Structures are given as C-alpha cells and as structure tokens.
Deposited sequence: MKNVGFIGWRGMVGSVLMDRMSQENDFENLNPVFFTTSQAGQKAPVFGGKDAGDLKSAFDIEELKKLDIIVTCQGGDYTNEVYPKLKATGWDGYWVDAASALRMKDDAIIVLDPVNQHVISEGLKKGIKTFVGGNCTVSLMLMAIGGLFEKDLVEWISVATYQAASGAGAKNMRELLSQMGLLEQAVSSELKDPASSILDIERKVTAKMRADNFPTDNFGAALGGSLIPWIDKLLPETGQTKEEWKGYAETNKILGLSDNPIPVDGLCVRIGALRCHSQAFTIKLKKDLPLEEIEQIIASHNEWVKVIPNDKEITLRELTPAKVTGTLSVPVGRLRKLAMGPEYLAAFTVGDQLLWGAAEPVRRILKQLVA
C-alpha cells in the first residue's frame, strides 16, 4: 500500500474529503500519515514528506507555493495531489476530472506526470453536466451566467450569509407574524436593515442575503474578466486537453445566497443542428452522475435546485431547448454541489487511482 500524507484535512474542503473517503472506506486501501501546521507530523517537515509516495493537500495555495518547490528540489519523485489552484496551469501539472478527462490523465501518468490538481468548481460542475457535448465534439462556444454558492468563498462566508438572512427576517419579525401588515413597509424595513452599518458584510464586502454580487475574485485588467470568469476558458480547455485549440467559454460569475451548490445558465453554440432528443441522450449518456431533468415545471422545481442537490453527487441538467437565435443554439441550466464534484471528489478519485 502506498504511504499517503494528508495536509489541510481539517479545513472545510479537507473535511469533506475525509468524510467521502471514510464513506467509501478508501483508507483501508492506503497507509495514511496525517500532517499539521500546528505547533501528527509537521506539514513543513520536508524530510518527513519526502518519505511518502503521495501527498494530498487541501491546505491551500500559500502552503503549496511554500512547500511544493522545496520538496521537489529534494529530488522527491512521488505524487502531489492538490485541491488548490496554485499549480493547475503548470506545464507539468494535469487538472483532474476523471469522468471527463480519464484519457488525458491516463496519458499523463504514462508521460510521467507527478502533479494532479482538481479544477475550478464552476468548470468541473459544468463539464460533469455538459461533458457529453464536448466528447462528441459538438461545442463551438459557450456563454455562461453563474449562480454561485457561498461555500466557494469559504466557511466564514457561509456563516455570514446565514447571519444576514437571519437579521433580515428579524428586522420584520413582528410585521410578518400578522397577515394584514403592509408588504411595502416590511421591505422598507428589511432594506434599511440590509444597508445598516451593523449589517455583517466583512466577508463578502457587500450584502449577499437578499441580494447578489456580480463579481468573484480579482480583475484581470487585460481582458476585464475576474479570475473566476477567466478560469472558464483557461481551465475548461486544459482539462479537455484543447489548450492549443481552445473552445470559447466565457460569461459572468455571480454570487447568490446559496450555501453549497453552484447553478449555471448556459447558451451553448453547437457546431451542428441536432434533434433535442439526440442532444439529451448525448448528455445523459456521458457519465453516471449527470441527470437530465425534463422541461416540466413540477419536475424542474423538485429536481433542478440547490435544495435538492446539496450534499449529493448528482449533477442535474435541464431546461434543455433550442433558442430563438437558431437550431444550433441550445439553452441549458445545471445545478451541482460545490464541495463534492466542485472540490473534494476529483481529488478523492485521482487518489484512488494512484493507490490502486
């Protein structure tokens, strides 16, 4: 059994990984060594890390940027599996999403790649839903509008969102309890609360509960995209292995008041005209997690929502139909859990492949 070191296993993402691994009994297929940054082995002890065959870290980019270089320099030839974005774009690093790019991964191992990094949550969740179309070579480009959850920003962000929602209701607790109060008076109070100085907004820098934030991460002055939107085009193509002939994936990344699921509205420009039924089949057949949701109201309300998807490995995709722009224009909406396929799952899966 391979000796695997775990770093950052107590963080939010790291905790989801430990749970999923335990749930699947992955620990009986490997020898785990747990590291810590607290003053268990020290996550900063290069000598100890070099004894390992594989290192799985959910610690973050700063840690990776500090330790990874030192360890590689020792001559260490083991595998580094990372959830952080730090090494995704390195030429000696492969972004993993095995249900989608198992071939890229297989060839990469054969090539001697020793670094595998999970991809951006929005991109991996998109590929898990729409992967069938890319596999059949049908996508020319994709216009994206996201509805991203707080978990992407962090645990304290999730907490702030919950606190905000609580205070908004509290502002009109009395008014709401009597069925005949003025709804406009109620919103004046809620909105006044949202704009108040004591309204907790330090994590987001703006209210999220009862609102939305059309900006995620930093701006890349050169394109005008935020880093989050930039990863859609950059990461989608590196994952699929189309960096030299990249497929345009761009849009706006917006944060909404949800906890763990990212939702995305798509305008997909296909290369050819196909029957809707054929398109649906191509999508549903790609993997066992995607779930095609019929374009029906009651079914959509029950299946295509964060309420339904949270904490599950299911990737529903629905509202599938042709758009007014042309028969080659397809509309689609998907919902997926940010902490699972968007974070811990690709890492848990590549790990299982490395220790088999």
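Unmodelled region of the deposited chain sequence (numbering from residue 1): 40-54 only.
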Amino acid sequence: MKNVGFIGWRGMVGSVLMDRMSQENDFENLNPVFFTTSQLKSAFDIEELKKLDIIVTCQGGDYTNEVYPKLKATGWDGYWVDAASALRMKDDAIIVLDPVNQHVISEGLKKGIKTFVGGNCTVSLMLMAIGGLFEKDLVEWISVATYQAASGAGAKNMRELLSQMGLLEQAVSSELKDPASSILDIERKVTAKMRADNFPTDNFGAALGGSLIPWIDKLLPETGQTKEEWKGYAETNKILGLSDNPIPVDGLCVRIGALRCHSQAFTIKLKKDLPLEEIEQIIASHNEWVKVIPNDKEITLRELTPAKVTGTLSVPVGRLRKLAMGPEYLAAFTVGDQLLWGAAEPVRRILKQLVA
From here on, numbers count along this sequence of modelled residues.
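A summary of the deposited B-factors shows that, of 262-270 and 102-110, the stretch with the larger mean C-alpha value is 102-110. According to the PDB record, 21-29 carries the higher mean C-alpha B-factor of the two stretches 21-29 and 337-345.
Note on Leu49, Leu313, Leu301, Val56: the highest value goes to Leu49, judged by CA B factor as recorded.
The maximum CA B-factor among the listed residues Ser182, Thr191, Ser85, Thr223, taken from the PDB record, is found at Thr223.
For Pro69, the recorded CA B-factor ranks within the highest third of the chain. Only modelled residues enter the ranking. Annotation for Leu240: C-alpha temperature factor in the highest third relative to the rest of the modelled chain, per the entry.
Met325 sits in the highest third of its chain by CA B factor, as recorded in the PDB entry.
Sort the modelled residues of the chain by CA B factor and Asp178 lands in the highest third. When all modelled residues of the chain are sorted by CA temperature factor, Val317 is found within the lowest third.
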